[PDB]
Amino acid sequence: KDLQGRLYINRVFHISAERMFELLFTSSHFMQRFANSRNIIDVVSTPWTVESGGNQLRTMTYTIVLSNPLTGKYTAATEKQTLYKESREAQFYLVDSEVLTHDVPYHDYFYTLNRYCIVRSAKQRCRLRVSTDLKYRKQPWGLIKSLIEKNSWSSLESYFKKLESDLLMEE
């Protein structure tokens, strides 16, 4: 069930699956601190809502303060998060997060699909797996694809390394 693009986190935490979900997918103190650390500002979120089909939905908007000047100073972003009912019936959590940016060069060419899988382990532990696909909306001819990929893979590498490290402090 991993996405084939890249596997960024695959780690067993001394955190229960439900508390993992709470830390990452609610307006938790953890995500307030993490947002500050990552220079993510002006966060607006919904709660989780429940669809007739049983999946749950959550959306967010926020601004990213960017570090590479060629990507701009800031970009607005929108996220759509889906929690799959089938995963919950199987006693785990599978969330697909789709992330779109609005201001970076070539913003209209791509979006990011991040898949978060939280599986129960003995003794109030869980395994968190996070994998990512870069998805194209327009054909990224030539240097376009090279620049999108180089910038994205490096930024996400940093982001998820810090997420894993900061989650360890919540054990």
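In case it trips you up, residue 1 is the first one in the sequence shown, and so on.
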### Message
If you take the mean CA temperature factor per stretch, which one wins between 154 to 162 and 9 to 17?
### Response
154 to 162
## Note on the structure
Between 120 to 128 and 106 to 114, the record assigns the higher mean Cα B factor to 120 to 128
### Query
Among the modelled residues of its chain, does the C-alpha B-factor of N36 lie in the lowest, middle or highest third?
highest
### Message
When the deposited Cα B-factors of this chain's modelled residues are ordered and cut into thirds, is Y136 in the lowest, the middle or the highest one?
### Response
middle
### Task
Report the third (lowest, middle or highest) to which the CA temperature factor of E98 belongs, ranking only the modelled residues of the same chain.
lowest
### Task
Using the B-factors in the PDB entry, rank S27's C-alpha atom against the chain and give the third, lowest, middle or highest.
highest
### Task
Divide the modelled residues of the chain into thirds by Cα B-factor and specify which third, lowest, middle or highest, holds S146.
middle
